[PDB]
Structure formats: C-alpha cells, structure tokens
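Taking it in order: structure first as structure tokens, then the write-up.
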Amino acid sequence: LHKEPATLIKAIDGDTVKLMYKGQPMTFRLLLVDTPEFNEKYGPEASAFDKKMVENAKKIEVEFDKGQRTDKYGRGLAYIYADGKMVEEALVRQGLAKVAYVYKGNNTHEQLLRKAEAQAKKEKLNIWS
Ligand SMILES: Cc1cn([C@H]2C[C@H](OP(=O)(O)O)[C@@H](COP(=O)(O)O)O2)c(=O)[nH]c1=O
Ligand SMILES: [Ca+2]
Numbered sequence: 063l064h065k066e067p068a069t070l071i072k073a074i075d076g077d078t079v080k081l082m083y084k085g086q087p088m089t090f091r092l093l094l095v096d097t098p099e100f101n108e109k110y111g112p113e114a115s116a117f118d119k120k121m122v123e124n125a126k127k128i129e130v131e132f133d134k135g136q137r138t139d140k141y142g143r144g145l146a147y148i149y150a151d152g153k154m155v156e157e158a159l160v161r162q163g164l165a166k167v168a169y170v171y172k173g174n175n176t177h178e179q180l181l182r183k184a185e186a187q188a189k190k191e192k193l194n195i196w197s
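Numbered by mature numbering (1 follows the signal peptide of the UniProt record, and there is no 0), the letters in the sequence shown go through residues 63 to 101, 108 to 197 in order.
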C-alpha cells in the first residue's frame, strides 16, 4: 500500500472529508470505520475531531487499500493520514468511531484499528461509556 498526496478542501463530518485528489474535488469516506452522524450522540464530537486533524495538518495523504476505491455514491474509499497520523486510528482510539464496513479486499488495517477500539472500550470512552 502506498500514500498519495492530497489537499484539504473542507471538513464534512466524522468519517467524510472533501479533498483535492489528482486535482479533482472528491468526497472521501474513511475505510473501516463508522462515526455517528452529526445528529446523533458523539456526532458533533466526531466531526470536530476529524476537522481538527485535517485542518491542522501540514500534509494530508490518501492511501487506497487493494480492493475498490470508489463506493456506489462516488465517494473515494481510502485511509486518510494527517501528518503521518491515520485519521481512522485516532478516531477509534478516542471512541468516536467504531470499526465497521470491513470487507474482503479492503481490510489491511483491521487489526490495528481493532486494537485501538479495544483500548477505547476498556476506557469506557465516548461511544463505549
Ligand atoms: C466505508 C464504506 C461504506 N460503503 C457504503 C456502504 C453503506 O451503504 P448504504 O448507504 O447503502 O447503507 C454506506 C455507509 O456510509 P455512511 O456511513 O457514510 O452512510 O457506504 C461502502 O460501500 N464501502 C465502504 O468501504
Ligand atoms: Ca457514519
């Protein structure tokens, strides 16, 4: 797997972000996680967390897994990194996202993310409180 350049266009919610990728505006849906919608408990906190990581990042990168790269709504499916920190891992570790939507050719970071989620659970943090 490799990391590719991208730039922030704008933060959307806890697991969606608008980026410029190969010079094209594009909605990215984070692989392997689910954040609450904004209108649900921990949604605003998840939005705020993601926003902070991406807006304060000097460098954003996009990393596709080996399976499909666009979903049925035309969103990009990637892991997102902000100055080398994976956004999915930070959210899950904070208990603002669940490991979710784990499909077959697109699950390289599943174990890593489940570890993060185990700690958040043991802390009874946010979603797990
Ligand atoms: C994260 C992810 C979501 N999706 C689709 C499945 C879900 O479809 P349905 O909308 O039909 O339930 C939807 C959930 O995204 P959101 O959690 O952003 O709504 O996005 C994928 O197809 N692949 C993925 O890797
Ligand atoms: Ca969601």
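Backbone N, C-alpha and C fix where the C-beta goes; we use that ideal spot for every residue, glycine too.
Within 10 angstroms of the Cβ of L164, are there 16 or more other Cβ atoms? Answer buried if so, exposed if not. Around the CB of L164, 16 or more other CB atoms lie within 10 Å, so the residue is classed as buried.
By how many angstroms is the C-alpha of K84 removed from the C-alpha of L159? 26 Å
Report the rounded CA-to-CA distance for residue 201 versus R143, giving the unit in angstroms. No information on residue 201 is available, as it lies outside the stretch 63 to 197 that the chain covers here.
Distance, Cα to Cα, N124 vs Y171? 30 Å
Can you tell me which of the three DSSP states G163 falls into? coil
Buried or exposed for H177, please, with buried defined as at least 16 other CB atoms from any protein chain shown within 10 angstroms of its CB. Buried, by the Cβ-count rule.
Roughly how many angstroms separate the alpha carbons of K192 and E185, rounded to a whole number? 10 Å
Spell out the partners DSSP gives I71 in its beta bridges. In DSSP, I71 forms no bridge with anything.
Cα-Cα separation, residue 212 to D77: Coverage of the chain is limited to positions 63 through 197, which leaves residue 212 absent and any answer about it impossible.
State the Cα-Cα distance for the pair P67 and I195, rounded to the nearest angstrom. 31 Å
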